[PDB]
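**Q** I have a structure here, written as structure tokens, and I will follow up with some questions on it.
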Amino acid sequence: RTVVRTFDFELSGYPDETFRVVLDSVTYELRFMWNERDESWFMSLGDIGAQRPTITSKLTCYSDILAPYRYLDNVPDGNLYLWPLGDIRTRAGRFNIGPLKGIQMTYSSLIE
Amino acid sequence: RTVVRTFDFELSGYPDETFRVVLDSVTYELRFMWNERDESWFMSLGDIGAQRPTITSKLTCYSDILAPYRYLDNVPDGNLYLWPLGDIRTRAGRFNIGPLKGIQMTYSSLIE
Amino acid sequence: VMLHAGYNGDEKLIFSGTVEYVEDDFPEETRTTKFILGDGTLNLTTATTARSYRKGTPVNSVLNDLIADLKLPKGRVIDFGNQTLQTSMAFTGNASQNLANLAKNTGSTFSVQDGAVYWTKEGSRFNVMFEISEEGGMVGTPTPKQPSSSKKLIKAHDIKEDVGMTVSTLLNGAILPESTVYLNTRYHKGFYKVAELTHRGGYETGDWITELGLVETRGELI
Amino acid sequence: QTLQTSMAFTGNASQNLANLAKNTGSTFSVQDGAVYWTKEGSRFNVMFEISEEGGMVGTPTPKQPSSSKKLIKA
Amino acid sequence: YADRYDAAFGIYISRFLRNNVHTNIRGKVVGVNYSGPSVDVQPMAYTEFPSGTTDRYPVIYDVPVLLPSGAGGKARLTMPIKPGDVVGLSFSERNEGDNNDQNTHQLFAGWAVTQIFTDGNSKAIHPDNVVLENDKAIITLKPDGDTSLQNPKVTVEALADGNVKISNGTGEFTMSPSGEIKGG
Amino acid sequence: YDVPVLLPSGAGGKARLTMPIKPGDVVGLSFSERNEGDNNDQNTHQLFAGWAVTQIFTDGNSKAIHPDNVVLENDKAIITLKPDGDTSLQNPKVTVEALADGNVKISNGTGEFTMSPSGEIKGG
Amino acid sequence: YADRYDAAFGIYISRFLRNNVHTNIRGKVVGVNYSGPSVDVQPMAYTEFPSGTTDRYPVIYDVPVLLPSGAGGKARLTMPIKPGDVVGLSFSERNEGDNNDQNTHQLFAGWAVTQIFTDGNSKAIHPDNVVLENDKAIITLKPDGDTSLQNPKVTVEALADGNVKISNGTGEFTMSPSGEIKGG
Amino acid sequence: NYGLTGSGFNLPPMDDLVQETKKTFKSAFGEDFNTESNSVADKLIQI
Amino acid sequence: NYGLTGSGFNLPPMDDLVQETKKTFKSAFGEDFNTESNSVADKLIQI
């Protein structure tokens, strides 16, 4: 399953960010919510103007987020991962997500 | 191989000039870079909006620049030469290129 | 007629064509000459053609045959590859009209500009040939503007356009509709195609700026 | 002059006449109730003279008679 | 002349129809295919503008040919078409060979008629007779009962008055209305 | 005036089915895009008659049609071919039928001649 | 793209012709009326827009059928039309069935042709012969005088050289050019 | 809406809960009940 | 252009000759040579 890096993300730290992104020539809308007690980011994925999000999950490092969901016509077939740029023991935080902040959220697409 | 003079060039001396020219009814974009240590002009040739230049070479007097490259569909079939107007021993410089500056960069096209 | 403009040290070609119209009015104090110029109007509106092809003909051959009829230099073309006609075809009338019809059914953009023929594919774009920033004489912040005055029904080819933005800059004739630009601002950042240009100028009094209408891209990087 | 091929005319009479104008170099136009049929290029005496005595207003200026240019055999 | 706002639309519409909206046109067959009858048509009409420019229709390929037929093609009058025959051509509104074309009336050949008798090829017509004819074989039916098959050495006529006169150069056989049977 | 008439024909006009057209027949008319009689006309679709069809059976002149038979007919002379081999020429005083079963029955009011499938030859 | 003033009229005219100005179209017969010949036509062509939308022509009722005829309908070649035959369809400019309609070209069926031989139903054609044929009854006239009536058990040929060979499975009768008369 | 759905587990903000419970209180004692800023019921419900 | 052509004999103005010879002088000693008004070479060439 050859895959190539094709997109990177950044977060400003606002607890209720929402924006639209284009992946594999298809367009999706994303929502990020910050959880206080669990100090983690909650990601919701869905179609543009959809009534409810298609997928909701909790973000973690080195875990394939989309693994159990590559069976729907509206879910990207690529790979979405979070891995750190600094010390390997650093876990995902609020302000430490970005191309140079410490954690590299990235999307990669299979070659077809 | 009958050939007729059909175009002349001039350079303002700026070290990173880039402009578009039309030859044989086809259009190309040219880049000129000045080298300090070698005191010579580097010419790059390519198609309009091309990702990378098709040809790169170093300019010298009385040398057929395009000689080894008349086998591509996007390279002019004419003749490109640099010859001096003054003393024959003068070599190409920075500010001495032009119709009256001392060196005559010229393009000539075969008769068909 | 040719027109040049710039800033006291150089002048870039900004238009070239034929004088379609001319009139003079001289009421009392000041005469005012008027012009209307067309970029290749004569060729695009009189070049007749009469061609035909049979089943199995490679489409790449049809394209080259029609362009040579138009009698204009080829600025840039993206061939079709190994595409072949599915049905017999016949072409007559103005060559430009026939080519513009082939555009719809094959996702290709055809448009002549400053004498150069440009044939490209919709959705895809060509390097950062231009960068826009406060250093690059930008004028005001970019704003999002729809690239068409109407909305189309959608299934919600997907690759087609449908989005854009607007920017303004000091006059710079070294730009063309089919080029690509990079937008380095503080809010918006990314790559865009160009779709429309408008050059304005008042020598003694008036603006000396250019307006670009950008369109988002979603295709391959041709 | 004689017709070279059979002809048929229907619809508004004005439209049919305006079509006969193109193929025979004639100008057709109604004005203040009067029908005028003339031939293009040719003209009728000095029925009017323009000069400063004749209440002219400003000098004449050359203006093209159409907003577009046609291809010519030149 | 060109000042009114309506004249501009008039000229624009007149020019728009020139390059589109092809409906019908005459032509001549230049290429004939006998398996799956189809013909290549070369339209004859053209015009020359005052600017010394001409408009020529191109050759149109594979226009289906119509023949009087029915019963699923089991009954049909297949005449021997040849190149050069003058026929009329019709253009379909949509590209019947494809379902994705966005244009309309763009020279989509619909079909062609067997032949049209115009000036320069006007064959004579019998004022009153249904004559089915070949190079030298003729079948003539007249309203008054009589029917006849002819050829340069045979004749088989059946007249109204019970007359049968099967005939040949080497002899003849006939039957009279009176019931006679004879062999010549 | 003068719309050319089409007839099923070929081989350069050597083969053609010239039926006896009369005034009053109902036909359909087609108009050509350009004036095929001239090469200088600037107009288009201006009632340039292209051609006319032999006849069209509309309401008010709808003749009956045989459900299954290729009948070529004249005022009183009829040629009928049926799918089952049989062919027949008829007229108010003669009949020449060739049936499927090897039957020939050339007949007339004054007499008849026939051949049976069994090879018989008779003269009535 | 959509900025010029002329492109707007171009698109408006292109869209206007889509819903009107119907001239010709192919179709297939689905309903046949034998008294006062008329046929129901189902046009075959269609298109699918990028927005996942389709355009289908509806069934057209009672299009008059043309046949080669004359003399006030006394002479006519009435072939046995069946449902499913592929025919070409023409639309009249005005509603010939009414004199008060204000529209034009609005699918006013004009007439239909007997049959058209397109791809998928292309019957073979004899290179040189005027063959009038039925399910199993054939009438063949050749340019060289010879004419022949055939069927699976009878044959009546009249050749160029005065030969008559009326034949049958049970026997035959013939006449030679030399005037001979024989009964087989 | 924010609890268990067909696409996992979601999270509600504070304001939606506040509005829902204030609507419940409004229904409890009619449209005239005060629930903003100065109400003791407001200070109890928000806490 | 102004000498013998295919349509008879023509006449050149003064300015064209002046410009041609000044261009020749320019080529003789490079683009830096002065040829207007104050040059002794200008006074010789124009005379």
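Labels for the structure tokens follow display order: chains A, B, ..., residues from 1 in each chain, ligands from 1.
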Please write out chain H, superposed on chain I by least squares over all C-alpha atoms matched in order, as a PDB file with C-alpha atoms, in the first residue's frame.

**A**
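Okay, out.pdb is ready:
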ATOM      1  CA  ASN H   1      15.373  52.387 -50.258  1.00  0.00           C
ATOM      2  CA  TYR H   2      15.848  55.825 -51.817  1.00  0.00           C
ATOM      3  CA  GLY H   3      18.213  54.949 -54.673  1.00  0.00           C
ATOM      4  CA  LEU H   4      17.294  52.856 -57.699  1.00  0.00           C
ATOM      5  CA  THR H   5      14.256  50.652 -57.098  1.00  0.00           C
ATOM      6  CA  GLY H   6      11.704  48.735 -59.144  1.00  0.00           C
ATOM      7  CA  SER H   7       9.568  51.858 -59.642  1.00  0.00           C
ATOM      8  CA  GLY H   8      11.979  54.551 -60.805  1.00  0.00           C
ATOM      9  CA  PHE H   9      14.267  56.958 -58.948  1.00  0.00           C
ATOM     10  CA  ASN H  10      13.531  58.385 -55.497  1.00  0.00           C
ATOM     11  CA  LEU H  11      14.990  61.152 -53.327  1.00  0.00           C
ATOM     12  CA  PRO H  12      16.246  60.940 -49.722  1.00  0.00           C
ATOM     13  CA  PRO H  13      15.798  63.776 -47.218  1.00  0.00           C
ATOM     14  CA  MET H  14      18.742  65.160 -45.246  1.00  0.00           C
ATOM     15  CA  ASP H  15      17.824  63.717 -41.851  1.00  0.00           C
ATOM     16  CA  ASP H  16      17.926  60.081 -42.973  1.00  0.00           C
ATOM     17  CA  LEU H  17      21.473  60.500 -44.291  1.00  0.00           C
ATOM     18  CA  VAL H  18      22.469  62.328 -41.111  1.00  0.00           C
ATOM     19  CA  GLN H  19      21.115  59.532 -38.918  1.00  0.00           C
ATOM     20  CA  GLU H  20      22.721  56.816 -41.043  1.00  0.00           C
ATOM     21  CA  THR H  21      26.168  58.400 -40.933  1.00  0.00           C
ATOM     22  CA  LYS H  22      25.846  59.164 -37.219  1.00  0.00           C
ATOM     23  CA  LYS H  23      24.986  55.505 -36.627  1.00  0.00           C
ATOM     24  CA  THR H  24      28.082  54.555 -38.609  1.00  0.00           C
ATOM     25  CA  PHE H  25      30.202  56.843 -36.429  1.00  0.00           C
ATOM     26  CA  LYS H  26      28.566  55.403 -33.305  1.00  0.00           C
ATOM     27  CA  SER H  27      29.543  51.915 -34.444  1.00  0.00           C
ATOM     28  CA  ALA H  28      33.064  53.138 -35.219  1.00  0.00           C
ATOM     29  CA  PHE H  29      33.824  54.255 -31.643  1.00  0.00           C
ATOM     30  CA  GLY H  30      31.161  52.525 -29.545  1.00  0.00           C
ATOM     31  CA  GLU H  31      27.915  53.796 -28.085  1.00  0.00           C
ATOM     32  CA  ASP H  32      29.748  56.441 -26.021  1.00  0.00           C
ATOM     33  CA  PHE H  33      30.763  58.672 -28.951  1.00  0.00           C
ATOM     34  CA  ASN H  34      29.048  62.075 -28.893  1.00  0.00           C
ATOM     35  CA  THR H  35      27.565  63.326 -32.167  1.00  0.00           C
ATOM     36  CA  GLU H  36      25.105  66.119 -31.275  1.00  0.00           C
ATOM     37  CA  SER H  37      25.527  69.897 -31.274  1.00  0.00           C
ATOM     38  CA  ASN H  38      28.761  70.336 -29.324  1.00  0.00           C
ATOM     39  CA  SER H  39      30.906  67.671 -31.008  1.00  0.00           C
ATOM     40  CA  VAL H  40      33.590  68.771 -33.443  1.00  0.00           C
ATOM     41  CA  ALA H  41      32.858  65.503 -35.227  1.00  0.00           C
ATOM     42  CA  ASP H  42      29.235  66.664 -35.370  1.00  0.00           C
ATOM     43  CA  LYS H  43      30.213  69.952 -37.012  1.00  0.00           C
ATOM     44  CA  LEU H  44      32.364  68.087 -39.544  1.00  0.00           C
ATOM     45  CA  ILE H  45      29.807  65.386 -40.339  1.00  0.00           C
ATOM     46  CA  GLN H  46      26.799  67.686 -40.730  1.00  0.00           C
ATOM     47  CA  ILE H  47      28.725  70.098 -42.960  1.00  0.00           C
TER      48      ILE H  47
END

**Q** Quick one: everything within 7 Å of residue G:29, counting only C-alpha atoms, minus sequence neighbours fewer than 5 positions away in the same chain. Send it as number ranges by chain.

**A** G: 39-42, 83-86

**Q** How would chain B read as a short mmCIF file (atom, residue, chain, number, x, y, z; two decimals) with N, CA and C atoms, in the first residue's frame once least-squares superposed on chain A using all paired C-alpha atoms?

**A**
data_model
loop_
_atom_site.label_atom_id
_atom_site.label_comp_id
_atom_site.auth_asym_id
_atom_site.auth_seq_id
_atom_site.Cartn_x
_atom_site.Cartn_y
_atom_site.Cartn_z
N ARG B 1 0.83 -1.20 0.00
CA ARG B 1 0.00 0.00 0.00
C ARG B 1 0.86 1.26 0.00
N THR B 2 1.42 1.59 -1.16
CA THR B 2 2.24 2.79 -1.28
C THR B 2 1.40 4.03 -1.05
N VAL B 3 1.95 4.98 -0.29
CA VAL B 3 1.25 6.20 0.07
C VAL B 3 2.24 7.36 0.00
N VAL B 4 1.74 8.54 -0.34
CA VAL B 4 2.57 9.73 -0.48
C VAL B 4 1.95 10.87 0.33
N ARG B 5 2.80 11.59 1.06
CA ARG B 5 2.35 12.74 1.84
C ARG B 5 1.81 13.82 0.91
N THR B 6 0.63 14.35 1.22
CA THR B 6 0.01 15.33 0.34
C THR B 6 -0.70 16.47 1.06
N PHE B 7 -0.66 16.55 2.39
CA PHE B 7 -1.35 17.63 3.09
C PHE B 7 -0.93 17.64 4.55
N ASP B 8 -0.89 18.84 5.12
CA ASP B 8 -0.54 19.05 6.52
C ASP B 8 -1.52 20.03 7.14
N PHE B 9 -1.69 19.94 8.46
CA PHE B 9 -2.67 20.74 9.18
C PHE B 9 -1.98 21.59 10.24
N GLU B 10 -2.68 22.64 10.67
CA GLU B 10 -2.25 23.47 11.79
C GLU B 10 -3.48 23.94 12.55
N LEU B 11 -3.31 24.11 13.86
CA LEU B 11 -4.39 24.54 14.74
C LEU B 11 -3.95 25.77 15.53
N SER B 12 -4.85 26.75 15.61
CA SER B 12 -4.53 27.99 16.31
C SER B 12 -4.77 27.88 17.81
N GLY B 13 -5.35 26.78 18.28
CA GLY B 13 -5.62 26.59 19.69
C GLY B 13 -6.99 27.04 20.14
N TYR B 14 -7.77 27.67 19.28
CA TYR B 14 -9.12 28.06 19.67
C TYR B 14 -9.95 26.81 19.94
N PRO B 15 -10.71 26.77 21.03
CA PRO B 15 -11.34 25.51 21.45
C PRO B 15 -12.44 25.00 20.54
N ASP B 16 -12.95 25.80 19.60
CA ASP B 16 -14.07 25.39 18.76
C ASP B 16 -13.79 25.77 17.31
N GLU B 17 -12.60 25.45 16.82
CA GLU B 17 -12.26 25.74 15.43
C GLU B 17 -13.11 24.90 14.48
N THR B 18 -13.44 25.48 13.33
CA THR B 18 -14.17 24.78 12.28
C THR B 18 -13.80 25.38 10.94
N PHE B 19 -13.40 24.53 10.00
CA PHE B 19 -12.96 25.01 8.69
C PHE B 19 -13.15 23.90 7.67
N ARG B 20 -13.04 24.28 6.40
CA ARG B 20 -13.25 23.38 5.28
C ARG B 20 -11.91 23.07 4.62
N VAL B 21 -11.71 21.79 4.26
CA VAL B 21 -10.48 21.34 3.63
C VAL B 21 -10.84 20.48 2.42
N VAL B 22 -9.89 20.39 1.49
CA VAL B 22 -10.04 19.61 0.27
C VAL B 22 -8.98 18.53 0.26
N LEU B 23 -9.42 17.28 0.10
CA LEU B 23 -8.52 16.13 0.10
C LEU B 23 -8.92 15.18 -1.02
N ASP B 24 -7.94 14.72 -1.78
CA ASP B 24 -8.15 13.80 -2.89
C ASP B 24 -9.13 14.36 -3.92
N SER B 25 -9.16 15.68 -4.08
CA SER B 25 -10.07 16.40 -4.96
C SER B 25 -11.48 16.48 -4.40
N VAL B 26 -11.75 15.87 -3.25
CA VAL B 26 -13.06 15.97 -2.61
C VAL B 26 -12.95 16.98 -1.47
N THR B 27 -14.08 17.54 -1.06
CA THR B 27 -14.11 18.58 -0.04
C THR B 27 -14.85 18.08 1.19
N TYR B 28 -14.31 18.40 2.36
CA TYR B 28 -14.91 18.02 3.63
C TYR B 28 -14.81 19.18 4.60
N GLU B 29 -15.65 19.14 5.63
CA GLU B 29 -15.63 20.13 6.70
C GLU B 29 -15.24 19.43 8.00
N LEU B 30 -14.39 20.10 8.78
CA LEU B 30 -13.83 19.53 10.00
C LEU B 30 -14.16 20.42 11.19
N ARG B 31 -14.39 19.79 12.34
CA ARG B 31 -14.61 20.49 13.59
C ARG B 31 -13.67 19.93 14.64
N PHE B 32 -13.06 20.82 15.42
CA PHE B 32 -12.14 20.44 16.49
C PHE B 32 -12.63 21.04 17.79
N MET B 33 -12.81 20.20 18.81
CA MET B 33 -13.27 20.63 20.12
C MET B 33 -12.25 20.21 21.17
N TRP B 34 -11.93 21.11 22.09
CA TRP B 34 -10.94 20.85 23.12
C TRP B 34 -11.65 20.38 24.39
N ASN B 35 -11.18 19.28 24.96
CA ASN B 35 -11.74 18.71 26.17
C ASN B 35 -10.84 19.07 27.35
N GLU B 36 -11.43 19.65 28.39
CA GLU B 36 -10.64 20.11 29.53
C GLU B 36 -10.15 18.94 30.37
N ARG B 37 -11.08 18.14 30.90
CA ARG B 37 -10.69 17.07 31.81
C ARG B 37 -9.76 16.07 31.15
N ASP B 38 -10.01 15.72 29.89
CA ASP B 38 -9.20 14.75 29.18
C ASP B 38 -8.06 15.38 28.39
N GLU B 39 -7.95 16.71 28.40
CA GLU B 39 -6.91 17.45 27.69
C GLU B 39 -6.58 16.82 26.34
N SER B 40 -7.58 16.69 25.47
CA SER B 40 -7.38 16.09 24.17
C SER B 40 -8.30 16.75 23.15
N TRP B 41 -7.94 16.62 21.88
CA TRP B 41 -8.72 17.19 20.80
C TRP B 41 -9.74 16.18 20.29
N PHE B 42 -10.98 16.62 20.11
CA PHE B 42 -12.03 15.80 19.51
C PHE B 42 -12.29 16.29 18.09
N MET B 43 -12.18 15.38 17.13
CA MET B 43 -12.33 15.70 15.72
C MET B 43 -13.62 15.10 15.17
N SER B 44 -14.37 15.92 14.45
CA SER B 44 -15.58 15.48 13.77
C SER B 44 -15.44 15.74 12.27
N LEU B 45 -15.83 14.76 11.47
CA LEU B 45 -15.69 14.82 10.02
C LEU B 45 -17.04 14.57 9.37
N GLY B 46 -17.33 15.34 8.33
CA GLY B 46 -18.58 15.17 7.63
C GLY B 46 -18.57 15.91 6.31
N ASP B 47 -19.65 15.74 5.56
CA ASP B 47 -19.81 16.39 4.27
C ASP B 47 -20.20 17.85 4.45
N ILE B 48 -20.01 18.63 3.38
CA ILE B 48 -20.33 20.05 3.44
C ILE B 48 -21.83 20.21 3.62
N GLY B 49 -22.22 21.01 4.61
CA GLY B 49 -23.63 21.25 4.85
C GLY B 49 -24.40 20.05 5.36
N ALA B 50 -23.70 19.02 5.83
CA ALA B 50 -24.38 17.84 6.35
C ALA B 50 -25.07 18.15 7.67
N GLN B 51 -26.20 17.48 7.91
CA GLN B 51 -26.93 17.69 9.16
C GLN B 51 -26.12 17.24 10.36
N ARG B 52 -25.43 16.10 10.26
CA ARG B 52 -24.65 15.57 11.37
C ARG B 52 -23.31 15.08 10.83
N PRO B 53 -22.27 15.08 11.65
CA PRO B 53 -20.97 14.59 11.18
C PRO B 53 -20.99 13.09 10.94
N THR B 54 -20.21 12.66 9.95
CA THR B 54 -20.13 11.24 9.63
C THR B 54 -19.27 10.47 10.62
N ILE B 55 -18.16 11.06 11.06
CA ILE B 55 -17.21 10.38 11.94
C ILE B 55 -16.80 11.33 13.05
N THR B 56 -16.70 10.78 14.26
CA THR B 56 -16.17 11.50 15.41
C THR B 56 -15.20 10.58 16.14
N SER B 57 -14.04 11.13 16.51
CA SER B 57 -13.00 10.34 17.14
C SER B 57 -12.10 11.25 17.96
N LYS B 58 -11.29 10.63 18.81
CA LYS B 58 -10.34 11.33 19.67
C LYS B 58 -8.95 11.20 19.07
N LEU B 59 -8.21 12.30 19.04
CA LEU B 59 -6.90 12.32 18.41
C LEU B 59 -5.83 11.81 19.36
N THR B 60 -4.95 10.96 18.83
CA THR B 60 -3.82 10.43 19.59
C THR B 60 -2.65 10.21 18.65
N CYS B 61 -1.46 10.11 19.22
CA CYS B 61 -0.24 10.00 18.44
C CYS B 61 -0.01 8.57 17.97
N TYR B 62 0.43 8.43 16.72
CA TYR B 62 0.81 7.16 16.12
C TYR B 62 -0.35 6.18 16.02
N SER B 63 -1.59 6.67 16.03
CA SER B 63 -2.77 5.82 15.89
C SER B 63 -3.48 6.15 14.58
N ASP B 64 -3.81 5.12 13.81
CA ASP B 64 -4.50 5.29 12.54
C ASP B 64 -5.95 5.66 12.82
N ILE B 65 -6.28 6.94 12.64
CA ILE B 65 -7.61 7.42 13.01
C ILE B 65 -8.69 6.83 12.11
N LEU B 66 -8.43 6.74 10.80
CA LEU B 66 -9.43 6.33 9.84
C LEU B 66 -9.50 4.82 9.64
N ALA B 67 -8.67 4.04 10.35
CA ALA B 67 -8.55 2.61 10.10
C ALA B 67 -9.91 1.92 10.01
N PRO B 68 -10.77 2.02 11.02
CA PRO B 68 -12.03 1.27 10.99
C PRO B 68 -13.12 1.89 10.13
N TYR B 69 -12.83 2.93 9.36
CA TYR B 69 -13.85 3.65 8.62
C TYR B 69 -13.60 3.75 7.13
N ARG B 70 -12.70 2.94 6.57
CA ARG B 70 -12.50 2.94 5.12
C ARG B 70 -13.48 1.99 4.45
N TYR B 71 -14.78 2.17 4.74
CA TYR B 71 -15.80 1.41 4.02
C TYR B 71 -17.00 2.29 3.65
N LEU B 72 -16.84 3.61 3.65
CA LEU B 72 -17.92 4.54 3.35
C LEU B 72 -17.52 5.37 2.14
N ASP B 73 -18.51 5.74 1.33
CA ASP B 73 -18.23 6.48 0.10
C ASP B 73 -17.81 7.92 0.35
N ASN B 74 -17.96 8.43 1.57
CA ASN B 74 -17.65 9.82 1.88
C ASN B 74 -16.53 9.96 2.90
N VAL B 75 -15.65 8.98 3.00
CA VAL B 75 -14.53 8.99 3.93
C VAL B 75 -13.24 8.84 3.13
N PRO B 76 -12.22 9.67 3.36
CA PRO B 76 -10.98 9.54 2.59
C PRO B 76 -10.35 8.17 2.78
N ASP B 77 -9.72 7.67 1.71
CA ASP B 77 -9.06 6.38 1.76
C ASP B 77 -7.59 6.47 2.15
N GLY B 78 -7.08 7.68 2.38
CA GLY B 78 -5.68 7.86 2.73
C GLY B 78 -5.36 7.48 4.16
N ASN B 79 -4.28 8.05 4.69
CA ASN B 79 -3.84 7.80 6.06
C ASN B 79 -3.71 9.12 6.80
N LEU B 80 -4.28 9.18 8.00
CA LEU B 80 -4.20 10.35 8.86
C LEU B 80 -3.50 9.97 10.15
N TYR B 81 -2.40 10.65 10.45
CA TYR B 81 -1.58 10.33 11.61
C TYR B 81 -1.12 11.61 12.29
N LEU B 82 -0.81 11.48 13.58
CA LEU B 82 -0.14 12.52 14.34
C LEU B 82 1.14 11.94 14.93
N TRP B 83 2.28 12.52 14.57
CA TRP B 83 3.56 12.10 15.10
C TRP B 83 4.38 13.34 15.44
N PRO B 84 5.25 13.24 16.44
CA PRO B 84 5.97 14.43 16.91
C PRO B 84 7.24 14.70 16.12
N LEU B 85 7.63 15.97 16.12
CA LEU B 85 8.91 16.38 15.55
C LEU B 85 10.04 16.39 16.57
N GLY B 86 9.72 16.65 17.84
CA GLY B 86 10.70 16.67 18.90
C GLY B 86 10.86 15.32 19.56
N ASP B 87 11.04 15.34 20.88
CA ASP B 87 11.18 14.10 21.64
C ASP B 87 9.97 13.21 21.42
N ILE B 88 10.23 11.91 21.24
CA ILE B 88 9.17 10.97 20.89
C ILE B 88 8.14 10.81 22.00
N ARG B 89 8.48 11.17 23.24
CA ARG B 89 7.57 10.96 24.36
C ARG B 89 6.52 12.05 24.49
N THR B 90 6.62 13.14 23.72
CA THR B 90 5.67 14.23 23.84
C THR B 90 4.31 13.81 23.30
N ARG B 91 3.26 14.06 24.08
CA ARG B 91 1.90 13.74 23.66
C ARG B 91 1.20 14.98 23.13
N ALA B 92 0.15 14.76 22.34
CA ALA B 92 -0.57 15.87 21.72
C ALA B 92 -1.08 16.83 22.77
N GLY B 93 -0.90 18.13 22.51
CA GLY B 93 -1.37 19.16 23.42
C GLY B 93 -2.30 20.14 22.73
N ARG B 94 -2.53 21.29 23.35
CA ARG B 94 -3.41 22.29 22.75
C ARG B 94 -2.66 23.13 21.72
N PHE B 95 -1.60 23.81 22.15
CA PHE B 95 -0.88 24.74 21.29
C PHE B 95 0.29 24.12 20.55
N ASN B 96 0.60 22.85 20.81
CA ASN B 96 1.78 22.22 20.23
C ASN B 96 1.49 21.45 18.95
N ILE B 97 0.45 21.81 18.21
CA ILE B 97 0.10 21.15 16.95
C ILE B 97 0.42 22.10 15.81
N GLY B 98 1.20 21.63 14.84
CA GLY B 98 1.56 22.42 13.70
C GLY B 98 2.86 21.95 13.07
N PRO B 99 3.19 22.51 11.90
CA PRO B 99 4.41 22.07 11.20
C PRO B 99 5.70 22.32 11.97
N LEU B 100 5.70 23.25 12.93
CA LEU B 100 6.90 23.52 13.71
C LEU B 100 6.63 23.64 15.20
N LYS B 101 5.39 23.45 15.65
CA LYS B 101 5.07 23.60 17.06
C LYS B 101 5.43 22.37 17.88
N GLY B 102 5.66 21.22 17.24
CA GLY B 102 6.06 20.02 17.96
C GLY B 102 5.37 18.76 17.48
N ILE B 103 4.13 18.89 17.02
CA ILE B 103 3.34 17.76 16.54
C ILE B 103 2.93 18.03 15.11
N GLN B 104 3.12 17.04 14.25
CA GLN B 104 2.86 17.16 12.81
C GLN B 104 1.63 16.33 12.45
N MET B 105 0.47 16.97 12.41
CA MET B 105 -0.71 16.31 11.88
C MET B 105 -0.64 16.31 10.36
N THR B 106 -0.80 15.14 9.75
CA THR B 106 -0.51 14.98 8.34
C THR B 106 -1.51 14.01 7.71
N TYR B 107 -1.78 14.22 6.43
CA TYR B 107 -2.60 13.33 5.63
C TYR B 107 -1.80 12.87 4.42
N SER B 108 -1.88 11.57 4.12
CA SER B 108 -1.17 10.99 2.99
C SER B 108 -2.14 10.13 2.19
N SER B 109 -1.94 10.11 0.88
CA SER B 109 -2.87 9.50 -0.05
C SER B 109 -2.19 8.37 -0.80
N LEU B 110 -2.92 7.26 -0.97
CA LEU B 110 -2.40 6.13 -1.72
C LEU B 110 -2.26 6.48 -3.20
N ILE B 111 -1.38 5.76 -3.89
CA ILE B 111 -0.99 6.13 -5.25
C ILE B 111 -1.90 5.48 -6.28
N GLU B 112 -3.04 6.10 -6.54
CA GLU B 112 -3.91 5.71 -7.65
C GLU B 112 -4.77 6.90 -8.06
#

**Q** If the cut-off is 9 Å, can you tell me the residues of chain C near chain B, counting only C-alpha atoms? I'd like them as number ranges by chain.

**A** C: 72-76, 116, 126-127, 129, 174, 179-180, 222

**Q** Write out as a short mmCIF file (atom, residue, chain, number, x, y, z; two decimals) with C-alpha atoms, in the first residue's frame every residue belonging to chain E that has an atom at most 10 Å from any atom of chain C, counting only C-alpha atoms.

**A**
data_model
loop_
_atom_site.label_atom_id
_atom_site.label_comp_id
_atom_site.auth_asym_id
_atom_site.auth_seq_id
_atom_site.Cartn_x
_atom_site.Cartn_y
_atom_site.Cartn_z
CA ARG E 18 -24.72 30.77 -40.16
CA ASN E 19 -22.39 28.60 -38.05
CA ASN E 20 -25.07 26.38 -36.47
CA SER E 51 -14.44 40.00 -48.64
CA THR E 53 -13.94 34.46 -48.67
CA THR E 54 -15.78 31.20 -49.26
CA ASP E 55 -17.68 28.69 -47.12
CA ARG E 56 -17.44 25.00 -48.03
CA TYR E 57 -19.18 22.12 -46.30
CA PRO E 58 -16.83 19.19 -45.59
CA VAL E 59 -17.41 15.58 -46.58
CA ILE E 60 -19.86 13.85 -44.23
CA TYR E 61 -19.24 10.19 -43.42
CA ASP E 62 -21.64 7.28 -42.98
CA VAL E 63 -25.14 8.72 -43.33
CA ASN E 95 -25.62 13.33 -31.74
CA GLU E 96 -27.52 10.06 -31.90
CA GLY E 97 -24.19 8.20 -31.75
CA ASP E 98 -23.33 9.58 -28.30
CA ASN E 100 -22.74 13.00 -23.61
CA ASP E 101 -22.41 15.64 -26.34
CA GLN E 102 -23.40 19.12 -25.16
CA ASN E 103 -23.93 20.69 -28.59
CA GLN E 106 -23.69 20.47 -35.19
CA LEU E 107 -23.81 18.55 -38.50
CA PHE E 108 -25.10 15.33 -36.91
CA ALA E 109 -26.12 13.46 -40.05
#
